[PDB]
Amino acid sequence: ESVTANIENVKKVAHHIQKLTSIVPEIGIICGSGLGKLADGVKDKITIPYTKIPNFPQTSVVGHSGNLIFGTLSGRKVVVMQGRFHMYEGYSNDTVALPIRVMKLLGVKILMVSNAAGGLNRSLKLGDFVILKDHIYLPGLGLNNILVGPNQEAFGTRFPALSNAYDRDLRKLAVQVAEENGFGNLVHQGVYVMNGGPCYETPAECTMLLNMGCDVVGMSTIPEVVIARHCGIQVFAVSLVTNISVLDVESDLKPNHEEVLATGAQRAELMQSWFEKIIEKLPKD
């Protein structure tokens, strides 16, 4: 279970991190599969390997520790999680919750998150951006909600509302920023459903998910968003459609993480630009 994402352990982590950077992040960023470029476009960046943060959850790419990247992006102080924690890997809820709660204590007000997702909605094209305006947390509706277990009152209430989980204003900004910069056509809003994974969704599953009103499906993001909303961090989340969900069993096309990565590699640049440009126009600061 790693370390309990309670106030004491989170504070310890936050304070260790604070000793390692003068950057007080206003904006937290989680990069999805193949969506790292943004990470590297951080200016005046301090890079802190997860291995170098005591009690911070560990995730390697393959042997390599993920990184916490502090710096600025469009003149805003950010912390970027380079390497997220997917539940299908077996990570505990505390493992996934901790980094977000650390972000909260560090000063993060807005969490921006990307993921690679399958396009269920038939109108989606590979490489489309689907801003999450809502989600369906299949694991959470089951008994696998990241918040299951004693509530950490320090961070939030027992029964978080997920009413405006995907801040409608952030979404409006994101869309406008896409519109103004010539790629509004790539931008949709929709419902992301979490498949715990790690299997890609069968055609029957995709068909069911689509009929449930899901637009994109992936294996991440919702738990982080839940933790985020729980502790009052505003969320903006986008899915890169990295595969068009196959709805027919009588089909050649088979999802594969490689093509997901390829699609991510191809759209990483535009998504980075989009993110930098959204960040530039974030209010309150």
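Throughout, we count residues from 1 along the sequence that is shown.
- Across the other PDB entries of this protein whose models span the neighbouring residues, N256 goes unmodelled in a third or more.
- Annotation: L68 does not belong to the positions left without coordinates in a third of the other compared entries; each one with flanking residues models it.
- Averaged over their C-alpha atoms, the temperature factors of 26-34 and 248-256 are higher for 248-256.
- For the pair 172-180 and 103-111, the mean B factor over Cα atoms is greater in 172-180.
- The entry assigns its greatest Cα B factor, within the set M219, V241, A39, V225, to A39.
- Among all modelled residues in this chain, the alpha-carbon of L270 has a temperature factor (C-alpha) in the lowest third.
- Sort the chain's modelled residues by C-alpha temperature factor and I233 lands in the middle third, per the entry.
- Ranked against the other modelled residues of its chain, the C-alpha B-factor of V79 as given in the entry falls in the middle third.
- Looking at the C-alpha B-factors along this chain, the one for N151 belongs to the lowest third.
- Among the modelled residues of its chain, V193 has a C-alpha B-factor that falls in the lowest third according to the deposited record.
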